[PDB]
Amino acid sequence: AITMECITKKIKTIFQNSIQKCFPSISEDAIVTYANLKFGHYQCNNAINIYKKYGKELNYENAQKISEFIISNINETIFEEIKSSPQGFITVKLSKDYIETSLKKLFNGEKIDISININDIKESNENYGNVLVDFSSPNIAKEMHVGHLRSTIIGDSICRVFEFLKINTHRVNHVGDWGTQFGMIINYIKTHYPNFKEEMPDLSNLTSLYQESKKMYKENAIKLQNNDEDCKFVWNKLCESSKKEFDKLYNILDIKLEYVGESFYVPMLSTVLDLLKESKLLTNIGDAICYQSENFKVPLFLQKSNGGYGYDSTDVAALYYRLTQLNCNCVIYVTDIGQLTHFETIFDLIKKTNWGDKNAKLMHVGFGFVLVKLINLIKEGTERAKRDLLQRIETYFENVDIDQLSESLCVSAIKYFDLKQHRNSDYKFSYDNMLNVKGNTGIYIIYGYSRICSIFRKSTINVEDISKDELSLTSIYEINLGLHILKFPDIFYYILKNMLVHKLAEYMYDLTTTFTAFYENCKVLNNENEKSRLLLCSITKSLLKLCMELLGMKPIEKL
């Protein structure tokens, strides 16, 4: 129940206090990064900026002297080493004892419990009481595409991150269930199936009938907007069918989220517009009522020339709802990078209202293009993974469902290969690249995990007979593994700030290689520190499992 310290913030504070002591009347926020591992663990560069700003003034000959003054005002036993540099940055190494003691905190009684209090990775002014993540966003009667998939994967990872941090997290799918098409389609369904109400036609081929309707050809749309019994009946049937189709995909991915479509906001739109009209933030462009930001050229269109609802009214209403009715403290929109401006323009409007928490953190999480049915794409992947797997086995598994295992491997692989990319970057969808057991792949990560479990299956010692105090980091590799493990909170600290989850994938990858370096170099020692090594293996396993799960992967123990 004792939670990991955030080391970057700890060290940042130590340097901040030394800087303040050195230069009492200075405004200089300490910044802490990682050092080159060959030379240190962490690093602070503020002496360089202090020298550039005030250097000639305070009669210092160079930046290094400033860094030496800063060092002279630091007194910490947790630093094994602290050193300046000719450029003037400062590097530190954590002591063996700090790392060992910190690692020993990871044991709740006798089992490993990795936990992180969000209070320790944020500023105390920052509130994460209620977080909402808006992601996936398919459209009824349209095929889900690879962009939807990416949004689904990213969004689910972010949610899992907040759920790990024990945050009240709203998983919200803003489905397009109130669009243009519903007229056309609804026409066809009764221009071709009169007995619609008593017996509905086949909805198994909705995406086809969709164009069909587009080809053949509007009273039905306005009649739907006026809550006619039959049109609503048909609409509801369409939405239900498409949602079943979407749900097959979602639970193949093991991702749950709540349908809250455009339709959901329709009965409050006039209220929202009324509010905006009373706020006097809107203007007239043509016969339309819009919001013109000072900071963005393209206005939000909120009311049309007809008097009908503008195509930007739904997004504004949804944020109104999330802020005032769900009391959201953070709202995250996971979408194509090209919608960025749009959402920034929305945030700019919402910040000018009195709606909900004025300090609400509004975030756009953009993603690039991936360069056709999702479920068959994944089943193709499954076939490939199974092929590679059986081919590997060729050189007990008769008691394993190879199909489920293959699908798990594929799904995990897809998720990792996507999340390891910078979200804002485009990338090449390739089964060859993503299923390569040798590459930087989800498959690789998985086999690393199963190897680490294999160690515990094959050892003659019960890991649960070992007390935490066996732990002794005697090699540079055990030190390095310990360090990397204790860096885990830094990942969350930065994710909360920029939502770049590839940093987590990276972290995870590094965990595996660091671990490997441990193994390869300690595998030839005698039994004297064996128990401590096993303990390190146990912690590493726990952490790898957790990392995998946070990214939506499923650890497999035996392979």
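Things worth noting here:
- With respect to the conditions (1) of a type in the set (D, E, K, R); (2) surrounded by fewer than 16 Cβ atoms within 10 Å (Cβ to Cβ); (3) in a helix (DSSP H, G or I); (4) more than 25 Å from the chain's Cα centre (by Cα), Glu528 falls short on a single one, namely (3).
- Residue match in the range 515-522 (condition: more than 30 Å from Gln421 (Cα to Cα), in contact with a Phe, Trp or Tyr (Cβ under 7 Å, 6 or more places away or on another chain) and not small (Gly, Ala, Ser)): yes
- You will find that of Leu377, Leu326, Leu390, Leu340, the residue that is assigned to a loop (DSSP other than H, G, I, E, B), of a type in the set (A, V, I, L, M, F, W, C) and surrounded by fewer than 21 Cβ atoms within 10 Å (Cβ to Cβ) is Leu326 and no other.
- Cβ separations smaller than 6 Å between residues 6+ apart or across chains give the following pairs from the range 78-106 residues that are at positive phi to residues that are among the aliphatic types (A, V, I, L, M) and surrounded by 18 or more Cβ atoms within 10 Å (Cβ to Cβ): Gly88/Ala47; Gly88/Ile48; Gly88/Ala63.
- Test for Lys297: is it out of contact with any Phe, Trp or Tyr (no Cβ under 8 Å at 6 or more places or on another chain) and in a loop (DSSP other than H, G, I, E, B): yes
- Some residue of the range 444-459 being in contact with a strand residue (DSSP E or B) (Cβ under 9 Å, 6 or more places away or on another chain) and aromatic (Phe, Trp, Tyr): no
- Across the range 86-126, the number of residues qualifying as surrounded by fewer than 13 Cβ atoms within 10 Å (Cβ to Cβ) and under 23 Å from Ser538 (Cβ atoms) comes to 5.
- Residue within the range 432-439 that is under 32 Å from the mean Cα position of the chain (by Cα), under 18 Å from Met553 (Cα atoms) and of a type in the set (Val, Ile, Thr) present: yes
- Taken over the range 128-140, the criterion of being crowded, with 24+ Cβ neighbours inside 10 Å and either hydroxyl-bearing (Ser, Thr, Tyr) or at positive phi (or both) is satisfied by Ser136 alone.
- With respect to being surrounded by fewer than 17 Cβ atoms within 10 Å (Cβ to Cβ) and among the β-branched types (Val, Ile, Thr), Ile31 fits the description.
- Contacts under 7 angstrom Cβ, first residue in the range 301-321 being on the phi < 0 side of the Ramachandran plot, partner in a loop (DSSP other than H, G, I, E, B) and charged (D, E, K, R), 6 or more apart: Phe301/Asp312; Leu302/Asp312; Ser305/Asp287; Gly310/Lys304
- If you filter the range 478-502 down to residues that are among the aliphatic types (A, V, I, L, M) and within 18 Å of the chain's Cα centre (by Cα), you find that the one that is surrounded by the fewest Cβ atoms within 10 Å (Cβ to Cβ) is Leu500.
- Boolean, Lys415 is under 19 Å from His148 (Cβ atoms), out of contact with any strand residue (DSSP E or B) (no Cβ under 8 Å at 6 or more places or on another chain) and assigned to a helix (DSSP H, G or I): yes
For (1) surrounded by 19 or more Cβ atoms within 10 Å (Cβ to Cβ); (2) hydroxyl-bearing (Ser, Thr, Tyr); (3) under 30 Å from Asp113 (Cβ atoms), each residue gets a yes or a no:
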| position | (1), (2), (3) |
| --- | --- |
| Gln16 | no, no, no |
| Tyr42 | yes, yes, yes |
| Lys52 | no, no, no |
| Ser84 | yes, yes, no |
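- Listed by first and then second residue, the pairs with beta-carbon distance under 8 Å, at least 6 apart or on different chains, first residue in the range 194-207 and closer than 21 Å to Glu245 by Cα, second aliphatic (A, V, I, L, M) and assigned to a loop (DSSP other than H, G, I, E, B), are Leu206/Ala141; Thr207/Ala141.
- Candidate set from the range 541-557 (those that are charged (D, E, K, R) and in contact with a helix residue (DSSP H, G or I) (Cβ under 6 Å, 6 or more places away or on another chain)); member that is nearest to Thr514 (Cα to Cα): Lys541
- Checking every residue in the range 168-187 against the condition of being within 30 Å of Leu546 (Cα to Cα) and among the hydroxyl-bearing types (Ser, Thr, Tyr) gives at least one match.
- Total residues in the range 280-325 satisfying the condition of being polar (S, T, N, Q) and touching a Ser or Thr at 6+ places or on another chain (Cβ under 6 Å): the figure is 2.
- Taking the criterion of being out of contact with any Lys or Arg (no Cβ under 9 Å at 6 or more places or on another chain), over 28 Å from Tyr427 (Cβ atoms), not hydrophobic (A, V, I, L, M, F, W, C) and not in a strand (DSSP E or B), the residues of the range 123-177 that qualify are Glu123, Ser124, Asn125, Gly129, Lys166.
- Scoring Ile455 on the criteria (1) surrounded by fewer than 17 Cβ atoms within 10 Å (Cβ to Cβ); (2) of a type in the set (A, V, I, L, M); (3) touching an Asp or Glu at 6+ places or on another chain (Cβ under 6 Å) leaves a single failure, condition (3).
No lab work stands behind these numbers, since they all come straight from the coordinates. With ideal geometry, Cβ positions are generated from the backbone for all residues, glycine too; neighbour counts draw on all protein chains shown.
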